[PDB]
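K.L.:
Any chance you can model this:
(11 chains, ligands or ions: 3)
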Amino acid sequence: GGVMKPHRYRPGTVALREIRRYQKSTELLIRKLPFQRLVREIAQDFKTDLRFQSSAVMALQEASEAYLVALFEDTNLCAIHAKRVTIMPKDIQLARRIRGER
Amino acid sequence: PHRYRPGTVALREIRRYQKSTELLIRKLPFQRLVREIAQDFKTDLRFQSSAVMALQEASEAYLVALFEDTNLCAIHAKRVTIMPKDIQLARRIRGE
Amino acid sequence: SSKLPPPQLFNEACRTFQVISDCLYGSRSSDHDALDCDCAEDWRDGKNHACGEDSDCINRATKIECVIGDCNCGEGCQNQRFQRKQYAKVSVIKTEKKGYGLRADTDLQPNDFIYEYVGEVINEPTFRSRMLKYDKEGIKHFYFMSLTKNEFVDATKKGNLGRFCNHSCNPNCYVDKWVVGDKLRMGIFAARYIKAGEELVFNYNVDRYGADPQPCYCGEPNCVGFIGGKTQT
Amino acid sequence: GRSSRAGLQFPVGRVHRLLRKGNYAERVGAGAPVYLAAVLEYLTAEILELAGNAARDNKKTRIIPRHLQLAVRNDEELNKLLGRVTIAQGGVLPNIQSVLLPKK
Amino acid sequence: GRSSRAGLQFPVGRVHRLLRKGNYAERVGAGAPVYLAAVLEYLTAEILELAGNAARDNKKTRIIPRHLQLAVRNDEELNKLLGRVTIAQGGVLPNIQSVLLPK
Amino acid sequence: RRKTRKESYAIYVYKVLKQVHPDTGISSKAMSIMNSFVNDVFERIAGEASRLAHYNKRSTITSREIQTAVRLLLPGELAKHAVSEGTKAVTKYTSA
Amino acid sequence: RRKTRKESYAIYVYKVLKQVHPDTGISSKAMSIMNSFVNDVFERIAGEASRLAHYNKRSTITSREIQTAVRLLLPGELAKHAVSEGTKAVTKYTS
Amino acid sequence: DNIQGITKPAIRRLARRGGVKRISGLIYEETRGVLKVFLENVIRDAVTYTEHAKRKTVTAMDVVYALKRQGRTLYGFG
Amino acid sequence: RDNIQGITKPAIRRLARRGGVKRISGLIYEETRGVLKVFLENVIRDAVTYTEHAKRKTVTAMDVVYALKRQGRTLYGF
DNA sequence: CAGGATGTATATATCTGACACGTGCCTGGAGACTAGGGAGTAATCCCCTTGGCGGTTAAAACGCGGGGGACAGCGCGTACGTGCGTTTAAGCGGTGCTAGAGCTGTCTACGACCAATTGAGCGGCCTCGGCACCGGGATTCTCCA
DNA sequence: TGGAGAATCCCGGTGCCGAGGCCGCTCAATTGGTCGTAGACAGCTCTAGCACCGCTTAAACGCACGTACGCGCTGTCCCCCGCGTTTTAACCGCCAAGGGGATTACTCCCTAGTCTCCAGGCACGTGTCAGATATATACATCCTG
Ligand SMILES: [Zn+2]
Ligand SMILES: [Zn+2]
Ligand SMILES: [Zn+2]
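P.N.:
Numbering: from 1, shown residues only, chains lettered A, B, ... in the order given. Ligands and ions are numbered 1, 2, ... in the order given. The protein structure is shown below:
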């Protein structure tokens, strides 16, 4: 008999499918609890035994995700400018340089 | 018949104009540009000399920063010249 | 080419079955709702295809098909073709060693819709039941392809013209997964230039459970004598 | 009510109180709260209208943050006014670069 | 004078008057203008000291805008404090990218 | 016993929504977003009117200062219609 | 003498310059830049203290608001030395 | 160590919302570094507001005002 | 009129030299003139708005500085 | 070879969590009146803006040769996308405990406020030297034999 | 690589106007009383944040495979640069009206503060519905005799 495995999707097709799915939805893309642990670890270096409201961690996660999404949008535009379709660390560093954060 | 290579004069001008501090746009043409732009908002506007100098300073500083970032984009794209799409990219990254 | 040069029927032909063209599966998916895109048509009477077959329409670029009637282009959307059957022209040629080939009937432009493999989609215990009943019955031709990893397709019961193919180590067509009506389906597409007459044979990439396959009669230096899959199951 | 006298929905009185006790100037004119309430109600109506149209075009009857995000980012002028604000749980506009699509 | 009592050169009285008449709060604490004058004196002293150093490094004893520019841009924290600031007649740092230099 | 009287623009945004589209509702989080937006626009216009009063050595925010702030803040047709609405409002208010 | 009094920070910036650099002068344009800079930083710090007082339902700008605004606006080592100078000045002034 | 808790698939998803099609393997360290700098600045300003207000909990309003100070005002929390 | 061509090619080339540019495409000059027209249009618009509010007929240096301040490109020395 | 118990897909009456509307209450808004000071308006002055003219000459325009860098194709290899199977924390709910936010009460220190005073600081004018500019030689960099 | 050549740098000499200081003046800064509300502080309440735990399962992870895309090389060609020659208009100094910014004088209406009163807005129950869920139910699977 035998299982007959056909050809998979070409590289990029599932990627574009994810592009459309995540640009159409609104749920958070970062895991809430690991991010909360990251927030408490970063806050540790200023005041010991700091407490956070859940809405504060949620506002930080929203702000963080919006900032990274906008940075990757700018990175994608500079990447596509340079005749590539693959972003590189240099691209993000260029984005931050032009934005004035460096 | 002694000619410089296409580009060393560019570097000497870069060192020269980055070393000096003076307005690089011609005063009277820029003042005519300012008055022309101002005509479409209110008729018979007067300008203090210091206001035109402040406009020329801000104009030169903004263009300098824009060209510096456009140059960084050009170098990023494995080139040494600037193209219109580099300026459009720079202004897009900035947020206009 | 013209290597597989009296065409045969479907039910010098192969074994009999029932010709199907619709969804007559076992139970069922894909769950991906394709929403109505704002594609500009250039279509009133068919001067150009609305969701064009090789232009930049967002639905066709990701192996997604519009449903008929709900996309903004209406019915002229060429990315509706699994629901409207814009198939190519093949026929059934009898070959003494390759068996039955889908000979091309018109000279086919590369990178276009050729045909669709439709049949019965089933799960794994009923699938191994089909395997056991068929190799206890004694068939020598096996259509136990996998739509997804879980489900499987079979066309010898109620299939269509996509049965008459084989394995070639140099493929001319290929098969790729598409989605239509929230249903995952399969389509065979060309990649190279296709001339009328030669059989359209691709890479099966079978992981056969048996030990003795028929040899790959492609006769090329790229053929290892047998087919070549992924795992030795 | 002072709001009904100007034909506005937004509270002229509350705006007047916020202006006096919000530490913006020593004195606040009488026409300033009326004018400010008019501008606030107009901008609120414009963005709620664009959001409502976006929600109705997506076959929903409840305005959600996503529809506000679309309302802002799809109207050039409001985009300019609100270019540096983040709308909570709003996502981004569907924008796929042409170059990312397959070739001929 | 309250300036000499607090050991500051900036006028705490003037700062206090600007705070009261500047529509910042209804009441202004007595320690606030002293603290603000101290912070202004520190920032002014840092920028002036760096501009002076740069001026000696250009064989000039009179600080001109170019020296203030060099002073601002060579201090990373002042550059961060003044990233949206433009100094008139300041010019630009001598920064030539490596890729343009002859090889 | 109730907790604390906290004010918001909730009911006014809801009345405006019922005035422009009676059969449309709004989520609580969206109402929060609208409240933050109204407070933001308010803070910007009040800050600019404050700076205008300060720069011209005046201690009164009148409808003129708000009008100039509106012309500075809204880009184009938004400003033109905002000035139209404000003029209507102030006129009808002072003439009744 | 038939001219409106236009205040400045000129003489104080000059005093600070003479205290930090013994033999050094300063041009008119550089003094204008420094004066606008001092007015700018003053406006920033006072605005930040004003909004900080407003946020916490306070109506008074005390040393605390100025201290927090200075720590918010000045990056790193600048903030450290500025808060040191502020505390020093208030300590001397209350005595 | 918790900066690696913002896992590589999540970073990929973040890029996916931004329209990125292919991602180099070296991106993830740069992205975690950028995230660390941004969160450090916003959290530092939030902690400065809490220390001023004599409260031990970082409140939502503190985060909103901290973000607004850096020109990234956030709607939907007050 | 067509006085915007008063900003000539070598002056734009000078600004570019100060910006670190080494080679300039021919289209850069028209693109820069258009960008500068947009920028100056916005700044002069804000300046004229300040001047008309102040009941003055001359745009002063302070109006231009405050206008630049509104756009986060503050100018010192006027 | 045989039905019964069992597993599975299907349509379903229902359950939940978020939203629209009615209820009591309280505090802030509205109305009314008065005082004082900011501002509105007329009037005058005089600074500095606008306009003009003429001579200088430096920069801009323009033309042309040429080189080197942009761009496109080709080819190549490796790294990243996709997928499968394995595992693990994420998430959810459920439970418990107490820190601290939030509100109140009382009191007091601290700043608003006002009048008198006086010197710090600002405008005007006056002086001399740092610098802007120029010329001459010296070094430094570039490029072609 | 070194000599020629152009560009720039350094180093003194002259002129000049602007920095820096003094003088007279005025109004804002300082001091001393006087008071009234903001806030510091202790206490109490009650929400909500943190901590733990079990369970389920969706996503992360690791490896395998393969292809397509990044990157380096090479050719072509064309466009911008270096530079010389010609032209035009900016620029600098000087002058002449005169417009309008800035100040003055004085009045007066508009807004802060206070007092009086009541209903609009907010917290909270109460009812209603998209969307998810446990449940009757039809058809195929195994299951033992
Ligand atoms: Zn389409
Ligand atoms: Zn379509
Ligand atoms: Zn073969």
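K.L.:
which residues does the residue of chain H found nearest ligand 3 contact?
P.N.:
Residue nearest to ligand 3 within chain H: residue H:22 (32.6 Å; Cβ to the ion). Quick note: C-beta positions are derived from backbone N, CA and C, even for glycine. Listed by Cβ atoms under 8 Å, 6 or more residues apart in numbering or on different chains, the contact set of residue H:22 reads A:12, A:15, A:85, A:86, A:87.
K.L.:
before we move on, what about residue A:1?
P.N.:
Listed by Cβ under 8 Å, 6+ apart, the contact set of residue A:1 reads C:131, C:134, C:135, C:142, C:144, C:208, C:209, C:210.
K.L.:
Can you name the residues of chain D sitting close to chain E?
P.N.:
Contact residues, chain D versus chain E (Cβ under 8 Å from any Cβ of the partner chain): D:23, D:24, D:25, D:26.
K.L.:
Let me have those residues in a markdown table, extended by secondary structure.
P.N.:
Listed next are these as a markdown table, based on DSSP: H, G, I helix; E, B strand; the rest coil:
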| residue | secondary structure |
| --- | --- |
| D:23 | coil |
| D:24 | coil |
| D:25 | coil |
| D:26 | coil |
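K.L.:
Could you tell me which of the residues you listed count as buried?
P.N.:
Buried subset of those (neighbour count, 16 or more other Cβ atoms under 10 Å in any protein chain shown): D:23, D:24, D:25.
K.L.:
can I get those residues in TSV with distance to residue A:36?
P.N.:
Listed next are those as TSV, based on distance: Cβ to Cβ, whole Å:
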residue	distance to residue A:36
D:23	36
D:24	38
D:25	43
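K.L.:
and of the residues you listed, the nearest to residue C:40?
P.N.:
Distance to residue C:40 across those (Cβ to Cβ) is lowest for residue D:24, with 50.5 Å.
K.L.:
Which of the contacts of residue H:22 has the largest number of neighbours?
P.N.:
Taking other Cβ atoms under 10 Å in any protein chain shown as the neighbour criterion, residue A:87 ranks highest of the contacts of residue H:22 with 27 neighbours.
K.L.:
what about the closest residue to that one other than its chain neighbours, how many residues close to it?
P.N.:
Here the nearest residue to residue A:87 in space, its sequence neighbours aside, is residue A:79; by Cβ to Cβ, 6 or more residues apart in numbering or on different chains that works out to 4.6 Å. Neighbourhood size, residue A:79 [other Cβ under 10 Å]: 27.
K.L.:
Now do the same for residue A:79: helix, strand or coil?
P.N.:
Three-state assignment for residue A:79 (three-state DSSP): helix.
K.L.:
mind listing what it touches?
P.N.:
By Cβ under 8 Å, 6+ apart, residue A:79 lies in contact with A:85, A:86, A:87, A:88, A:91, H:20.
K.L.:
next one: residue F:56
P.N.:
For residue F:56, the contacting residues are I:53, I:54, by Cβ under 8 Å, 6+ apart.
K.L.:
What separation is there between it and residue E:39?
P.N.:
According to Cβ to Cβ, to the nearest Å, residue F:56 stands 28 Å off from residue E:39.
K.L.:
Show me which residues of chain C sit near DNA strand K.
P.N.:
Contact residues (Cβ under 7 Å from any atom of the strand) of chain C with DNA strand K: C:125, C:126, C:129, C:230.
K.L.:
Please spell out which residues along stretch C:202-211 are buried.
P.N.:
So for stretch C:202-211, counting by 16+ other Cβ under 10 Å, buried means C:202, C:203, C:204, C:205, C:206, C:207, C:208.
K.L.:
Any chance you could give me that stretch in CSV, C-alpha atoms only?
P.N.:
Extracted C-alpha coordinates of stretch C:202-211, given in CSV (Å, rounded to 0.1, in the frame of the first residue of the first chain):
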residue,chain,number,x,y,z
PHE,C,202,5.4,14.1,-11.5
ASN,C,203,7.2,13.1,-8.3
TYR,C,204,4.9,10.9,-6.2
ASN,C,205,7.4,10.8,-3.3
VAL,C,206,5.8,7.7,-1.9
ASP,C,207,6.7,6.0,1.4
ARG,C,208,5.6,2.6,0.4
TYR,C,209,4.8,0.0,3.2
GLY,C,210,5.8,-2.8,0.8
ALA,C,211,9.2,-4.0,-0.2
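K.L.:
quick one: the strands in chain D?
P.N.:
D:27-28, D:62-63, D:85-87 (DSSP state E).
K.L.:
Could you export these as a markdown table, including distance to ligand 3 and mean neighbour count?
P.N.:
A markdown table is the format used below for these (distance: least, Cβ to the ion, whole Å; neighbours: other Cβ atoms under 10 Å in any protein chain shown):
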| stretch | distance to ligand 3 | mean neighbour count |
| --- | --- | --- |
| strand D:27-28 | 88 | 18 |
| strand D:62-63 | 60 | 18 |
| strand D:85-87 | 57 | 21 |
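K.L.:
Remind me which helix or strand residue F:50 belongs to.
P.N.:
With secondary structure defined by DSSP states H and E, residue F:50 is part of helix F:28-55.
K.L.:
Wondering if that helix reaches chain G at all.
P.N.:
No. Shown here: helix F:28-55 not in contact with chain G (Cβ under 8 Å from any Cβ), separated by at least 8.6 Å.
K.L.:
how far is that helix from where the chain is centred?
P.N.:
7 Å (Cα atoms, centre = their mean, to the nearest Å).
K.L.:
What is the subsequent helix or strand relative to it?
P.N.:
Toward the C-terminus from helix F:28-55 - assigned by DSSP H and E - lies strand F:60-61.
K.L.:
Give me the sheet partners of that following strand and which way each runs.
P.N.:
strand D:27-28 (parallel) (DSSP bridges).
K.L.:
thinking again about what came up before, where strands are concerned, which of the contacts of residue A:79 count?
P.N.:
Using DSSP E, those in strands are A:86, A:87.
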